[PDB]
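Here is the file input27.csv (CSV, N, CA and C atoms and all ligand atoms).
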chain,number,residue,atom,x,y,z
W,1,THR,N,-1.6,-17.8,-5.9
W,1,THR,CA,-1.0,-16.9,-7.0
W,1,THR,C,-1.2,-15.4,-6.6
W,2,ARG,N,-0.2,-14.6,-7.0
W,2,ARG,CA,-0.2,-13.2,-6.8
W,2,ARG,C,-0.9,-12.5,-8.0
W,3,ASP,N,-1.4,-13.3,-9.0
W,3,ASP,CA,-2.0,-12.6,-10.1
W,3,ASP,C,-3.4,-12.1,-9.7
W,4,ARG,N,-3.8,-10.9,-10.1
W,4,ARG,CA,-5.1,-10.4,-9.9
W,4,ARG,C,-5.7,-9.9,-11.2
W,5,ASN,N,-4.9,-10.0,-12.3
W,5,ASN,CA,-5.4,-9.3,-13.5
W,5,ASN,C,-6.7,-10.0,-13.9
W,6,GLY,N,-7.5,-9.1,-14.5
W,6,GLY,CA,-8.7,-9.6,-15.2
W,6,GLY,C,-9.9,-8.6,-15.0
W,7,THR,N,-11.0,-9.1,-15.7
W,7,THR,CA,-12.3,-8.5,-15.5
W,7,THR,C,-13.1,-9.5,-14.7
W,8,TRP,N,-13.6,-9.0,-13.5
W,8,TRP,CA,-14.2,-9.8,-12.5
W,8,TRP,C,-15.7,-9.4,-12.3
W,9,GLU,N,-16.6,-10.3,-12.4
W,9,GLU,CA,-18.0,-10.0,-12.3
W,9,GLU,C,-18.5,-10.5,-10.9
W,10,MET,N,-19.2,-9.6,-10.2
W,10,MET,CA,-19.6,-10.0,-8.8
W,10,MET,C,-20.6,-11.1,-8.8
W,11,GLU,N,-20.5,-12.1,-8.0
W,11,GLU,CA,-21.4,-13.2,-7.8
W,11,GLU,C,-22.1,-13.1,-6.5
W,12,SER,N,-21.5,-12.5,-5.4
W,12,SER,CA,-22.1,-12.4,-4.1
W,12,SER,C,-21.6,-11.2,-3.4
W,13,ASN,N,-22.4,-10.6,-2.5
W,13,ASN,CA,-22.0,-9.5,-1.8
W,13,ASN,C,-22.7,-9.5,-0.4
W,14,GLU,N,-21.9,-9.7,0.7
W,14,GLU,CA,-22.4,-9.9,2.0
W,14,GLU,C,-22.1,-8.7,2.9
W,15,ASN,N,-23.1,-8.1,3.5
W,15,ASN,CA,-22.9,-7.0,4.4
W,15,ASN,C,-22.3,-5.7,3.8
W,16,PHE,N,-22.7,-5.5,2.6
W,16,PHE,CA,-22.2,-4.3,1.9
W,16,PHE,C,-22.9,-3.1,2.7
W,17,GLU,N,-24.2,-3.3,3.1
W,17,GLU,CA,-24.8,-2.1,3.8
W,17,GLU,C,-24.1,-1.9,5.1
W,18,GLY,N,-23.8,-2.9,5.9
W,18,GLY,CA,-23.1,-2.6,7.1
W,18,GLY,C,-21.8,-2.0,7.0
W,19,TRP,N,-21.0,-2.3,5.9
W,19,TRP,CA,-19.7,-1.7,5.7
W,19,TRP,C,-19.9,-0.2,5.3
W,20,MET,N,-20.9,0.1,4.4
W,20,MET,CA,-21.2,1.5,3.9
W,20,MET,C,-21.6,2.3,5.1
W,21,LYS,N,-22.5,1.7,6.0
W,21,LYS,CA,-22.9,2.4,7.2
W,21,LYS,C,-21.8,2.7,8.1
W,22,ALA,N,-20.8,1.8,8.3
W,22,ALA,CA,-19.6,2.0,9.1
W,22,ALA,C,-18.8,3.2,8.6
W,23,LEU,N,-18.8,3.3,7.3
W,23,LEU,CA,-18.1,4.5,6.7
W,23,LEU,C,-18.9,5.8,6.7
W,24,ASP,N,-20.2,5.8,7.1
W,24,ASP,CA,-21.1,6.9,7.2
W,24,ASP,C,-21.6,7.4,5.9
W,25,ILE,N,-21.6,6.5,4.9
W,25,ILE,CA,-22.1,6.9,3.6
W,25,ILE,C,-23.6,7.3,3.8
W,26,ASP,N,-24.1,8.3,3.2
W,26,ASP,CA,-25.5,8.7,3.5
W,26,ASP,C,-26.5,7.7,3.1
W,27,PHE,N,-27.6,7.5,3.9
W,27,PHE,CA,-28.5,6.4,3.7
W,27,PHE,C,-29.1,6.4,2.3
W,28,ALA,N,-29.4,7.5,1.8
W,28,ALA,CA,-30.0,7.6,0.5
W,28,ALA,C,-29.0,7.0,-0.6
W,29,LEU,N,-27.7,7.3,-0.5
W,29,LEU,CA,-26.8,6.8,-1.4
W,29,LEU,C,-26.5,5.3,-1.2
W,30,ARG,N,-26.6,4.9,0.1
W,30,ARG,CA,-26.5,3.4,0.3
W,30,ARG,C,-27.6,2.6,-0.3
W,31,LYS,N,-28.8,3.2,-0.2
W,31,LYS,CA,-29.9,2.5,-0.9
W,31,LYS,C,-29.8,2.4,-2.4
W,32,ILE,N,-29.2,3.4,-3.0
W,32,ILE,CA,-28.9,3.3,-4.5
W,32,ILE,C,-27.8,2.3,-4.8
W,33,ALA,N,-26.8,2.2,-3.9
W,33,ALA,CA,-25.7,1.4,-4.2
W,33,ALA,C,-25.8,-0.1,-3.8
W,34,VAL,N,-26.7,-0.4,-2.9
W,34,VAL,CA,-26.5,-1.6,-2.1
W,34,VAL,C,-26.6,-2.8,-3.0
W,35,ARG,N,-27.6,-2.8,-4.0
W,35,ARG,CA,-27.7,-4.0,-4.8
W,35,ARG,C,-27.4,-3.7,-6.3
W,36,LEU,N,-26.5,-2.8,-6.5
W,36,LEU,CA,-26.1,-2.5,-7.9
W,36,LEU,C,-25.1,-3.6,-8.2
W,37,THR,N,-25.1,-4.1,-9.4
W,37,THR,CA,-24.2,-5.1,-9.9
W,37,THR,C,-22.9,-4.4,-10.2
W,38,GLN,N,-21.8,-5.0,-9.8
W,38,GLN,CA,-20.4,-4.3,-9.8
W,38,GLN,C,-19.6,-5.1,-10.7
W,39,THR,N,-18.7,-4.4,-11.5
W,39,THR,CA,-17.6,-5.1,-12.3
W,39,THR,C,-16.3,-4.6,-11.8
W,40,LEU,N,-15.3,-5.4,-11.6
W,40,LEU,CA,-14.1,-5.0,-11.1
W,40,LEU,C,-13.0,-5.4,-12.2
W,41,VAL,N,-12.3,-4.3,-12.7
W,41,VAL,CA,-11.3,-4.5,-13.7
W,41,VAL,C,-9.9,-4.2,-13.0
W,42,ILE,N,-9.0,-5.2,-13.1
W,42,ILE,CA,-7.7,-5.0,-12.5
W,42,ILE,C,-6.7,-5.1,-13.6
W,43,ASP,N,-5.8,-4.1,-13.6
W,43,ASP,CA,-4.6,-4.2,-14.4
W,43,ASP,C,-3.4,-4.2,-13.6
W,44,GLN,N,-2.6,-5.2,-13.7
W,44,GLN,CA,-1.4,-5.4,-12.8
W,44,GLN,C,-0.2,-5.7,-13.7
W,45,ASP,N,0.8,-4.9,-13.4
W,45,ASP,CA,2.1,-4.9,-14.1
W,45,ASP,C,3.2,-4.7,-13.0
W,46,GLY,N,3.9,-5.8,-12.7
W,46,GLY,CA,4.8,-5.8,-11.6
W,46,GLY,C,4.2,-5.3,-10.3
W,47,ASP,N,4.8,-4.2,-9.8
W,47,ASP,CA,4.1,-3.6,-8.5
W,47,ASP,C,3.0,-2.7,-8.8
W,48,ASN,N,2.8,-2.4,-10.1
W,48,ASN,CA,1.8,-1.3,-10.4
W,48,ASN,C,0.4,-1.9,-10.7
W,49,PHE,N,-0.5,-1.4,-10.0
W,49,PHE,CA,-1.9,-1.8,-10.2
W,49,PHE,C,-2.8,-0.6,-10.6
W,50,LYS,N,-3.7,-0.9,-11.5
W,50,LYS,CA,-4.9,0.1,-11.7
W,50,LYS,C,-6.1,-0.7,-11.4
W,51,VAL,N,-6.9,-0.3,-10.5
W,51,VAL,CA,-8.2,-1.0,-10.1
W,51,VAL,C,-9.4,-0.1,-10.4
W,52,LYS,N,-10.3,-0.7,-11.2
W,52,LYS,CA,-11.5,0.1,-11.4
W,52,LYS,C,-12.8,-0.7,-11.1
W,53,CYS,N,-13.6,-0.2,-10.2
W,53,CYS,CA,-14.8,-0.8,-9.8
W,53,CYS,C,-15.9,0.0,-10.4
W,54,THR,N,-16.7,-0.6,-11.3
W,54,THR,CA,-17.7,0.2,-12.0
W,54,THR,C,-19.1,-0.3,-11.8
W,55,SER,N,-20.0,0.6,-11.8
W,55,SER,CA,-21.5,0.3,-11.8
W,55,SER,C,-22.1,1.4,-12.7
W,56,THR,N,-23.4,1.3,-12.7
W,56,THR,CA,-24.2,2.2,-13.6
W,56,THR,C,-24.0,3.7,-13.2
W,57,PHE,N,-23.8,4.1,-12.0
W,57,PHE,CA,-23.8,5.5,-11.5
W,57,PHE,C,-22.5,5.9,-10.9
W,58,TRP,N,-21.7,4.9,-10.8
W,58,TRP,CA,-20.9,5.1,-9.6
W,58,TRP,C,-19.7,4.2,-9.7
W,59,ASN,N,-18.6,4.9,-9.9
W,59,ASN,CA,-17.3,4.3,-10.0
W,59,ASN,C,-16.4,4.4,-8.8
W,60,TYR,N,-15.5,3.5,-8.7
W,60,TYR,CA,-14.4,3.7,-7.7
W,60,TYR,C,-13.1,3.3,-8.3
W,61,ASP,N,-12.2,4.2,-8.4
W,61,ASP,CA,-10.9,3.9,-9.1
W,61,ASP,C,-9.7,4.2,-8.2
W,62,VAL,N,-8.7,3.4,-8.3
W,62,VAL,CA,-7.5,3.6,-7.5
W,62,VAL,C,-6.3,3.0,-8.3
W,63,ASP,N,-5.2,3.8,-8.3
W,63,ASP,CA,-3.9,3.3,-8.9
W,63,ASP,C,-2.9,3.3,-7.7
W,64,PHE,N,-2.1,2.3,-7.7
W,64,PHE,CA,-1.1,2.3,-6.7
W,64,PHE,C,0.1,1.4,-7.0
W,65,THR,N,1.2,1.5,-6.3
W,65,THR,CA,2.3,0.7,-6.4
W,65,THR,C,2.5,-0.1,-5.1
W,66,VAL,N,2.6,-1.4,-5.2
W,66,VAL,CA,2.8,-2.3,-4.0
W,66,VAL,C,4.0,-1.7,-3.2
W,67,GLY,N,3.8,-1.5,-1.9
W,67,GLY,CA,4.9,-1.1,-1.0
W,67,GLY,C,5.1,0.4,-1.0
W,68,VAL,N,4.3,1.2,-1.6
W,68,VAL,CA,4.5,2.7,-1.6
W,68,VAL,C,3.2,3.3,-1.1
W,69,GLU,N,3.3,4.0,0.1
W,69,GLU,CA,2.2,4.7,0.7
W,69,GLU,C,1.7,5.7,-0.3
W,70,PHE,N,0.4,5.9,-0.3
W,70,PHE,CA,-0.2,7.0,-1.2
W,70,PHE,C,-1.4,7.6,-0.5
W,71,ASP,N,-1.6,8.9,-0.8
W,71,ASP,CA,-2.8,9.6,-0.2
W,71,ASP,C,-4.0,9.2,-1.1
W,72,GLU,N,-5.1,8.8,-0.5
W,72,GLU,CA,-6.3,8.6,-1.1
W,72,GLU,C,-7.4,9.5,-0.5
W,73,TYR,N,-8.2,10.1,-1.4
W,73,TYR,CA,-9.3,10.9,-1.0
W,73,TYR,C,-10.5,10.2,-1.6
W,74,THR,N,-11.3,9.6,-0.8
W,74,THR,CA,-12.4,8.8,-1.2
W,74,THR,C,-13.6,9.6,-1.6
W,75,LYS,N,-13.4,10.4,-2.7
W,75,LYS,CA,-14.4,11.5,-3.1
W,75,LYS,C,-15.7,11.0,-3.4
W,76,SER,N,-15.8,9.8,-4.0
W,76,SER,CA,-17.0,9.3,-4.4
W,76,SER,C,-17.7,8.4,-3.4
W,77,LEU,N,-17.0,8.1,-2.3
W,77,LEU,CA,-17.5,7.3,-1.2
W,77,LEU,C,-17.7,8.2,0.1
W,78,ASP,N,-17.0,8.0,1.1
W,78,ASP,CA,-17.2,8.8,2.3
W,78,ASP,C,-16.4,10.1,2.4
W,79,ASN,N,-15.7,10.4,1.4
W,79,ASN,CA,-15.0,11.7,1.3
W,79,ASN,C,-14.1,12.0,2.4
W,80,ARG,N,-13.2,11.0,2.7
W,80,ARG,CA,-12.1,11.2,3.7
W,80,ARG,C,-10.7,11.0,3.1
W,81,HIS,N,-9.8,11.6,3.7
W,81,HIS,CA,-8.3,11.4,3.4
W,81,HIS,C,-7.8,10.3,4.2
W,82,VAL,N,-7.2,9.3,3.5
W,82,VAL,CA,-6.5,8.2,4.2
W,82,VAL,C,-5.1,8.1,3.6
W,83,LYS,N,-4.2,7.6,4.4
W,83,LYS,CA,-2.9,7.1,3.9
W,83,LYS,C,-3.0,5.6,3.7
W,84,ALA,N,-3.0,5.3,2.4
W,84,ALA,CA,-3.2,3.9,1.9
W,84,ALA,C,-1.9,3.2,1.7
W,85,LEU,N,-1.8,1.9,1.9
W,85,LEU,CA,-0.6,1.1,1.6
W,85,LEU,C,-1.0,-0.3,1.3
W,86,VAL,N,-0.6,-0.8,0.1
W,86,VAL,CA,-0.9,-2.1,-0.3
W,86,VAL,C,0.3,-2.9,-0.3
W,87,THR,N,0.3,-4.1,0.3
W,87,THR,CA,1.4,-5.0,0.4
W,87,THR,C,1.0,-6.5,0.2
W,88,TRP,N,2.0,-7.4,0.1
W,88,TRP,CA,1.7,-8.8,0.0
W,88,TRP,C,2.0,-9.5,1.4
W,89,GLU,N,1.0,-10.3,1.8
W,89,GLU,CA,1.2,-11.2,2.9
W,89,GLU,C,1.1,-12.6,2.4
W,90,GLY,N,2.2,-13.2,2.0
W,90,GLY,CA,2.2,-14.4,1.1
W,90,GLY,C,1.5,-14.0,-0.2
W,91,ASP,N,0.5,-14.7,-0.5
W,91,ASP,CA,-0.3,-14.5,-1.8
W,91,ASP,C,-1.5,-13.8,-1.5
W,92,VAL,N,-1.7,-13.1,-0.4
W,92,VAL,CA,-2.8,-12.2,0.0
W,92,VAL,C,-2.4,-10.8,-0.3
W,93,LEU,N,-3.2,-10.1,-1.1
W,93,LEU,CA,-3.0,-8.6,-1.3
W,93,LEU,C,-3.7,-7.8,-0.3
W,94,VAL,N,-3.0,-7.0,0.5
W,94,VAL,CA,-3.6,-6.4,1.7
W,94,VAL,C,-3.4,-4.9,1.6
W,95,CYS,N,-4.5,-4.2,1.9
W,95,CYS,CA,-4.5,-2.7,1.9
W,95,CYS,C,-4.9,-2.3,3.3
W,96,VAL,N,-4.1,-1.4,3.9
W,96,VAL,CA,-4.5,-0.7,5.1
W,96,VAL,C,-4.6,0.8,4.7
W,97,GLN,N,-5.7,1.4,5.2
W,97,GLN,CA,-6.0,2.8,5.0
W,97,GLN,C,-6.1,3.5,6.3
W,98,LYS,N,-5.0,4.1,6.6
W,98,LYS,CA,-4.7,4.8,7.9
W,98,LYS,C,-5.4,6.1,7.9
W,99,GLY,N,-6.2,6.4,9.0
W,99,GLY,CA,-7.0,7.6,9.1
W,99,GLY,C,-8.0,7.5,10.3
W,100,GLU,N,-9.1,8.2,10.1
W,100,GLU,CA,-10.0,8.3,11.2
W,100,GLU,C,-10.6,7.0,11.6
W,101,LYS,N,-11.1,6.2,10.7
W,101,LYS,CA,-11.7,4.9,11.0
W,101,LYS,C,-10.7,3.9,11.3
W,102,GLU,N,-10.9,3.1,12.4
W,102,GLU,CA,-10.0,2.0,12.7
W,102,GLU,C,-10.3,0.8,11.8
W,103,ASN,N,-9.3,-0.1,11.7
W,103,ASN,CA,-9.5,-1.4,11.0
W,103,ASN,C,-10.0,-1.2,9.5
W,104,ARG,N,-9.6,-0.1,8.9
W,104,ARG,CA,-10.1,0.3,7.5
W,104,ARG,C,-9.1,-0.2,6.5
W,105,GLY,N,-9.6,-1.0,5.5
W,105,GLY,CA,-8.7,-1.5,4.4
W,105,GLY,C,-9.5,-2.5,3.7
W,106,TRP,N,-8.7,-3.4,3.0
W,106,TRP,CA,-9.3,-4.5,2.2
W,106,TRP,C,-8.2,-5.5,2.0
W,107,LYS,N,-8.7,-6.7,1.6
W,107,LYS,CA,-7.8,-7.8,1.3
W,107,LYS,C,-8.4,-8.5,0.1
W,108,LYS,N,-7.6,-9.1,-0.9
W,108,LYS,CA,-8.1,-9.8,-2.0
W,108,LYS,C,-7.3,-11.2,-2.0
W,109,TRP,N,-8.0,-12.2,-2.1
W,109,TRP,CA,-7.5,-13.6,-2.3
W,109,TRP,C,-8.0,-14.2,-3.6
W,110,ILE,N,-7.2,-15.1,-4.2
W,110,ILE,CA,-7.8,-15.9,-5.3
W,110,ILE,C,-7.8,-17.4,-4.8
W,111,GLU,N,-9.0,-18.0,-5.1
W,111,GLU,CA,-9.1,-19.5,-4.7
W,111,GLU,C,-10.0,-20.0,-5.8
W,112,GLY,N,-9.5,-21.1,-6.4
W,112,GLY,CA,-10.2,-21.6,-7.5
W,112,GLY,C,-10.3,-20.6,-8.7
W,113,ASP,N,-11.5,-20.5,-9.2
W,113,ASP,CA,-11.5,-19.5,-10.4
W,113,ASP,C,-11.8,-18.1,-9.9
W,114,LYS,N,-11.7,-17.9,-8.5
W,114,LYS,CA,-12.6,-16.8,-8.0
W,114,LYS,C,-11.7,-15.8,-7.2
W,115,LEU,N,-12.2,-14.6,-7.2
W,115,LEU,CA,-11.5,-13.5,-6.4
W,115,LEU,C,-12.4,-13.3,-5.2
W,116,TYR,N,-11.9,-13.3,-4.1
W,116,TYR,CA,-12.5,-13.0,-2.8
W,116,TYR,C,-12.0,-11.6,-2.3
W,117,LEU,N,-12.9,-10.7,-2.0
W,117,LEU,CA,-12.6,-9.4,-1.6
W,117,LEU,C,-13.2,-9.1,-0.2
W,118,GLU,N,-12.5,-8.7,0.8
W,118,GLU,CA,-13.1,-8.4,2.1
W,118,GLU,C,-12.8,-7.0,2.3
W,119,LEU,N,-13.8,-6.1,2.5
W,119,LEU,CA,-13.6,-4.7,2.9
W,119,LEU,C,-14.0,-4.6,4.3
W,120,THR,N,-13.1,-3.9,5.1
W,120,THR,CA,-13.3,-3.7,6.5
W,120,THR,C,-13.4,-2.2,6.9
W,121,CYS,N,-14.2,-1.9,7.9
W,121,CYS,CA,-14.2,-0.6,8.6
W,121,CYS,C,-14.8,-0.8,9.9
W,122,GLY,N,-14.0,-0.5,10.9
W,122,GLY,CA,-14.5,-0.6,12.4
W,122,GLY,C,-14.7,-2.1,12.6
W,123,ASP,N,-15.8,-2.5,13.1
W,123,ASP,CA,-16.2,-3.8,13.4
W,123,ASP,C,-17.0,-4.5,12.2
W,124,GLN,N,-17.0,-3.9,11.1
W,124,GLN,CA,-17.8,-4.4,9.9
W,124,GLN,C,-16.9,-5.0,8.8
W,125,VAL,N,-17.3,-6.1,8.3
W,125,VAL,CA,-16.6,-6.7,7.2
W,125,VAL,C,-17.6,-7.0,6.1
W,126,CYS,N,-17.3,-6.5,4.9
W,126,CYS,CA,-18.1,-6.8,3.7
W,126,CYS,C,-17.4,-7.9,2.9
W,127,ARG,N,-18.0,-9.0,2.5
W,127,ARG,CA,-17.4,-10.1,1.8
W,127,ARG,C,-17.9,-10.2,0.4
W,128,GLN,N,-17.1,-10.0,-0.6
W,128,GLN,CA,-17.6,-10.1,-2.0
W,128,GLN,C,-16.9,-11.2,-2.7
W,129,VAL,N,-17.6,-11.8,-3.7
W,129,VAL,CA,-17.0,-12.9,-4.5
W,129,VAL,C,-17.2,-12.5,-5.9
W,130,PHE,N,-16.2,-12.7,-6.7
W,130,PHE,CA,-16.2,-12.4,-8.2
W,130,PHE,C,-15.7,-13.6,-8.9
W,131,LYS,N,-16.3,-13.8,-10.1
W,131,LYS,CA,-15.8,-14.8,-11.1
W,131,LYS,C,-15.1,-14.1,-12.2
W,132,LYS,N,-14.1,-14.7,-12.7
W,132,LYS,CA,-13.5,-14.0,-13.8
W,132,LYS,C,-14.3,-14.1,-15.1
W,133,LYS,N,-14.4,-13.0,-15.8
W,133,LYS,CA,-15.2,-13.0,-17.0
W,133,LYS,C,-14.4,-13.6,-18.2
U,201,LIG,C1,-9.5,-4.5,-4.7
U,201,LIG,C2,-10.7,-3.9,-4.9
U,201,LIG,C3,-11.3,-2.9,-4.2
U,201,LIG,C4,-10.7,-2.3,-3.1
U,201,LIG,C5,-12.7,-2.4,-4.6
U,201,LIG,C6,-13.5,-1.7,-3.8
U,201,LIG,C7,-14.7,-1.3,-4.3
U,201,LIG,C8,-15.5,-0.4,-3.7
U,201,LIG,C9,-15.2,0.3,-2.5
U,201,LIG,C10,-16.8,0.0,-4.4
U,201,LIG,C11,-17.6,0.8,-3.7
U,201,LIG,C12,-18.9,1.3,-4.2
U,201,LIG,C13,-19.7,1.8,-3.4
U,201,LIG,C14,-19.5,2.0,-1.9
U,201,LIG,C15,-21.0,2.4,-3.8
U,201,LIG,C16,-21.5,1.6,-5.0
U,201,LIG,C17,-20.5,1.9,-6.1
U,201,LIG,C18,-19.3,1.1,-5.7
U,201,LIG,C19,-19.7,-0.4,-5.9
U,201,LIG,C20,-18.3,1.5,-6.7
As structure tokens, the full file:
Amino acid sequence: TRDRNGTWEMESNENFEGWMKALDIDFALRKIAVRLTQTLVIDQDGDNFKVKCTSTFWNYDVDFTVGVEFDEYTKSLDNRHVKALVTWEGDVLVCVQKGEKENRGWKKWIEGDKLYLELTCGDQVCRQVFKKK
């Protein structure tokens, strides 16, 4: 399915520290973030998405249209400008963030009841799994 709509509660988070370190997020901020429980809210309407990842201190929001490049400034993360592009590869939602870091982006799959998110930077992959609330 290409559906991603819903409220998604994190069940597992693998190598979040390694991925934050690959982005050069400062150590002190990584220590605050690393085991915060995350909720991911996705609103999807045709090509248009609004994605909100929320925690206690610390949010990450992005809105985009599938197939339309957009500038992203990761102000609450590593504070870089990337040219982002989200597309479908079959039923996989794929984002490439072109910029300083190589292999930077994310992918979302659904399998069973569950949303699988892989965040990449350099040689690091962070694997998260969410259940729909
Ligand atoms: C499709 C879903 C995506 C791309 C969600 C990405 C979520 C993040 C990059 C969240 C990052 C966060 C940190 C690096 C610090 C802790 C706060 C978070 C969880 C919002």
Cut-off 5 Å: closest chain W/ligand LIG 201 (chain U) atom pairs per residue, using all atoms listed in the file, as a Markdown table:
| residue | atom | partner | partner_atom | distance |
| --- | --- | --- | --- | --- |
| W:33 | CA | U:LIG201 | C16 | 4.3 |
| W:53 | C | U:LIG201 | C20 | 4.7 |
| W:58 | C | U:LIG201 | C20 | 4.3 |
| W:59 | C | U:LIG201 | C20 | 4.1 |
| W:60 | N | U:LIG201 | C20 | 4.0 |
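Using all atoms listed in the file, the smallest distance between any of W:46, W:18, W:90, W:105 and residue 124 in chain W comes from W:18.
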For range 3-17 of chain W, take all atoms listed in the file, fit an axis-aligned box around them, add 4 Å to each of the six sides, then output centre and edge lengths in Å rounded to one decimal, as lines of an AutoDock Vina configuration file.
center_x = -13.1
center_y = -7.6
center_z = -5.3
size_x = 31.4
size_y = 19.4
size_z = 28.8
Inset, instruction - Can you check which residues of chain W DSSP gives as alpha helix (DSSP H) on the backbone and send them as a list in words? - result: residues 16, 17, 18, 19, 20, 21, 22, 27, 28, 29, 30, 31, 32 and 33 of chain W
Inset, instruction - List every residue of chain W that DSSP, applied to the backbone of this structure, places in strand (DSSP E), and write the result as a PyMOL selection string. - result: chain W and resi 6-14+39-45+48-54+60-65+70-73+81-89+92-98+105-111+114-121+124-132
Legend entry - Between CA of residue 97 in chain W and atom N of residue 74 in chain W - distance in Å to one decimal: 10.4 Å
Legend entry - Contact residues around residue 14 in chain W with only C-alpha atoms at 8 Å, ignoring same-chain residues under 6 positions, as a list in words: residues 126, 127 and 128 of chain W
Inset, instruction - Name the closest residue to residue 40 in chain W among the candidates W:61, W:24, W:9, W:89; distances are taken between atoms, counting all atoms listed in the file. - result: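 Of the candidates, the smallest distance to residue 40 in chain W is held by W:9.
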Inset, instruction - Select, from W:82, W:22, W:12, W:30, the residue with the minimum atom-to-atom distance to residue 99 in chain W, counting all atoms listed in the file. - result: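 The shortest atom-to-atom distance to residue 99 in chain W comes from W:82.
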Inset, instruction - Find the distance between atom N of residue 83 in chain W and atom N of residue 104 in chain W and write it in Å to one decimal. - result: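 Taking atom N of residue 83 in chain W and atom N of residue 104 in chain W, their separation equals 10.4 Å.
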Inset, instruction - Go through W:87, W:7, W:13, W:1 and flag the residue nearest residue 129 in chain W, using all atoms listed in the file for the distances. - result: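 The closest residue to residue 129 in chain W is W:13.
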Legend entry - Selected residue of minimal separation from residue 100 in chain W among W:114, W:133, W:21, W:80, counting only C-alpha atoms: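 Nearest candidate to residue 100 in chain W out of W:114, W:133, W:21, W:80: W:80.
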Inset, instruction - Can you pull out every residue within 6 Å of residue 122 in chain W, counting all atoms listed in the file, but drop anything in the same chain fewer than 6 positions away, and send it as a list in words? - result: residues 101, 102, 103 and 104 of chain W
Inset, instruction - State, in Å with one decimal place, the distance from CA of residue 68 in chain W to CA of residue 23 in chain W. - result: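 If I compute the distance from CA of residue 68 in chain W to CA of residue 23 in chain W, I get 24.1 Å.
Checking W:110, W:123, W:78, W:92 one by one against residue 25 in chain W, counting all atoms listed in the file, you find the shortest gap at W:78.
Residues with any atom within 6.5 Å of the point (-9.3, -4.2, -11.2), counting all atoms listed in the file, are residues 6, 40, 41, 42, 43, 50, 51, 52 and 53 of chain W.
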